[PDB]
RNA sequence: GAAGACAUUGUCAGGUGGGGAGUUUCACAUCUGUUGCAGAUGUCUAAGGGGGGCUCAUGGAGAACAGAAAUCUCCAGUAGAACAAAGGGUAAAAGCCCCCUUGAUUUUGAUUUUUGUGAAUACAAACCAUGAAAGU
RNA sequence: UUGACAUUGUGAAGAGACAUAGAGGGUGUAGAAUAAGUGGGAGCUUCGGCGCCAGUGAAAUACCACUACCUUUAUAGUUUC
RNA sequence: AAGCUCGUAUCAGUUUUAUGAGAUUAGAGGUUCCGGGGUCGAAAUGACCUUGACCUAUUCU
């Protein structure tokens, strides 16, 4: 019971992967090594382009 | 823990007293310790507040500041264990700020002394009358961090002081903050620190300048408008006859119409 | 109730058991109740009252007031019956302490703090214009109600609970709860 | 021999337990912290009615101290002023001042926005305010 | 793993607490003195010692009531260890 | 797809006619009485010394 994230957050004071290790800030940094990736549906076509690959021509004024 | 060992506390308060006598710096280890024990709730006693009073009345700056920051921490319950708050404030204002004009404290410490004096005064209905001319040197918008000084000016106002010595203050502020050409923040600060004076001392500015200040209702700047509306709503419930018919808002005017006959 | 009446009756008989200490025994009520903490500012104040305090008041005034209140049997004072007193703190404190209360004209309650400033404001007897039961720091609170009139006791008690054991007493008499 | 009403054994109740199982992946701005912040104080969240009188902004000329701006007088001035910043509407006013009031009141139904309300809208009876009145 | 109950019987000696009945207390400094504090005030008097009027002190002491804390005395019983 | 009130004349991817809708003070100097140095000062709200920020006169709309 003491080894639960609930009890830890209570005794101390969100993102997937916050443990006794690896706070908020650290999880985002470590996810960089993986999820520069390209999302697709089951038939195959772009839902969400990869990071820094948005492919929209902005209004450059 | 179980019971308070008075034989020990009364003994180790005597060493704090006998340290604060040594005028070099050695009362640091009395002040820094008594603050900790007060915060831990171990030394809630009248004998201890005297130690920090003597520290505030000391000559060393880092001891006087320890005492002042203790009595600050909006103040804490230690004020309700003092032996004479009026004489305390009088001795402080006489020794540190005005008396010798030694010019030891910097502005950041003078402001913290002012805060303590005004917050004691407003809370306990004190009368010194030198405060209100000491503020006037520092009540200029060309001065260093005046928003703290003027926020303590109001805190030393009462229902029970001669409003002329506050009229001079209000007419200094009005001459130097809501005059011709002044900026929006400056004028809004002036009006905001005048209305929270008048919330304690209502008959400290007369109708003729009240009207001059409610001029600024529709001021297009959104600081001065929010400020003037506060003064109007303050005198709508207190002395609505000073306001003109245009400002008496549907109930002050009705109360005056029934009570004027 | 008339359980007050049986108390006050043989208090008035105690009136005639240890008769006189060559003065008059005032009547007092001591309030005792719980459930409140005055170290927090839970303050109360009310002055909706009417006695015989062997009336000893000091009115400050002007020419228009001193010859008004030379009748009346009252101690009176000029403005410079006060101006020539500030030089001595214990002198200005002795008059402080002399009188049960203070009053003054509508003109002089702008000038009185420049003269009698530190005193007369913490003492809780500051003057009041002409033409109390403060919960300062304690749970104990006693008030003088009358003299040697059972109505006054209840009259004050309902006001005290209005504001929020009860005891009635005289100068040397016993306590009646 | 040792030990002894404790240990043990039985049932409950807390703790630990990836060793193992299953599973998922509304506002300007003084007063405390993270960085130039989310938070705490206090501080705005707003005078409508119906009668009268009068014209505003700005510019020009002119008057001791008085000047670019202090008060006074005259001329021009369709709004360039104000009415909760480049826009509509308003000039014997929808604006400023003055007089009187507080219809920002109840009852009965009708319409638009909108099936839920609220909002606005007109409509009749009463108590009322206002002006000499029409009328509101 | 730690606690309670049961198994679980026969004896003894001690410590703490409930609960009542009591008993007394207060040095920051000045002040005759060690001032919880508050409110009534100028003697019940064995003494007129004294209380009032006199300093000094935020607060003034006799006399009598209130209701805060602190520390101790005893065990009808109550229990725990 | 199954039908049921009845068989009017109302309708129409159409036409016609009328009619509405910001930065620059170098040049002058005054202050900071919280930034004070300087020979001096038992002692001083000073001779003056600079860092300054301050109130200023300029330019565009």
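Would you please name the residue that is farthest from RNA strand E (Cβ to nearest atom), looking only at residues in region B:64-78 that are touching a helix residue (DSSP H, G or I) at 6+ places or on another chain (Cβ under 6 Å) and within 14 Å of chain C (Cβ to nearest Cβ)?
Only one residue fits best here, namely B:75.
Are any residues in region B:79-107 part of a loop (DSSP other than H, G, I, E, B), within 12 Å of chain C (Cβ to nearest Cβ) and surrounded by 13 or more Cβ atoms within 10 Å (Cβ to Cβ), and if so, which ones?
B:82, the sole residue that qualifies.
Being within 16 Å of RNA strand F (Cβ to nearest atom), assigned to a helix (DSSP H, G or I) and more than 19 Å from residue B:148 (Cα to Cα): is that true of residue B:110 here?
Judged against the criteria, residue B:110 is not a match.
Is it true that residue B:120 is within 20 Å of residue C:120 (Cα to Cα), more than 16 Å from RNA strand F (Cβ to nearest atom) and in a loop (DSSP other than H, G, I, E, B)?
Details: within 20 Å of residue C:120 (Cα to Cα): yes; more than 16 Å from RNA strand F (Cβ to nearest atom): yes; in a loop (DSSP other than H, G, I, E, B): no.
No; evaluated as a whole, the condition is false for this residue.
With the checklist (1) more than 12 Å from RNA strand D (Cβ to nearest atom); (2) farther than 30 Å from residue C:127 by Cβ in hand, flag the one item residue B:201 doesn't pass.
Unmet condition: (2).
Between residues in region A:32-59 that are on the phi > 0 side of the Ramachandran plot and residues that are assigned to a loop (DSSP other than H, G, I, E, B), which pairs lie under 9 Å by C-beta distance while being six or more apart or on different chains?
Partner pairs satisfying both residue conditions: A:52/A:36; A:55/A:49.
Take residue C:31 and decide whether it is over 23 Å from the mean Cα position of the chain (by Cα) and surrounded by 16 or more Cβ atoms within 10 Å (Cβ to Cβ).
no
Report, by residue number, each residue of region B:75-97 that is within 16 Å of RNA strand F (Cβ to nearest atom) and within 17 Å of the chain's Cα centre (by Cα).
B:92, B:93, B:94, B:96, B:97
Restricting to region B:164-197, what's the tally of residues that are under 21 Å from residue C:114 (Cα atoms) and within 16 Å of RNA strand D (Cβ to nearest atom)?
1
Quick one: how many residues across region C:101-125 are within 21 Å of the chain's Cα centre (by Cα) and not in a helix (DSSP H, G or I)?
Of the residues in that region, 16 qualify.
In region B:122-131, which residues are under 17 Å from residue B:169 (Cα atoms) and either within 11 Å of the chain's Cα centre (by Cα) or surrounded by 19 or more Cβ atoms within 10 Å (Cβ to Cβ) (or both)? Show your work before the answer.
Filtering region B:122-131 for residues under 17 Å from residue B:169 (Cα atoms) gives B:122, B:127-131.
Those that are under 17 Å from residue B:169 (Cα atoms) and either within 11 Å of the chain's Cα centre (by Cα) or surrounded by 19 or more Cβ atoms within 10 Å (Cβ to Cβ) (or both): B:122, B:127, B:128, B:131.
Hey, could you check region C:1-40 for residues that are over 19 Å from residue C:154 (Cβ atoms) and not in a loop (DSSP other than H, G, I, E, B) and say which is nearest to RNA strand E (Cβ to nearest atom)?
The residue in question is C:14.
Please identify the pairs in which a residue from region B:1-24 that is away from every other protein chain (no Cβ under 14 Å) has its Cβ atom under 7 Å from the Cβ atom of a residue that is within 16 Å of RNA strand F (Cβ to nearest atom) and part of a loop (DSSP other than H, G, I, E, B), counting only partners at least 6 apart or on another chain.
Cβ pairs passing all conditions: B:23/B:59; B:23/B:60.
Out of all the residues in region A:1-18, which are over 10 Å from the mean Cα position of the chain (by Cα) and surrounded by 10 or more Cβ atoms within 10 Å (Cβ to Cβ)?
A:5, A:7, A:8, A:9, A:18
Any read-out appearing in this document is the output of simple, stated calculations on the displayed coordinates, not a laboratory observation. Cβ sites come from the backbone with ideal geometry, for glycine too, and all protein chains shown count toward neighbours.
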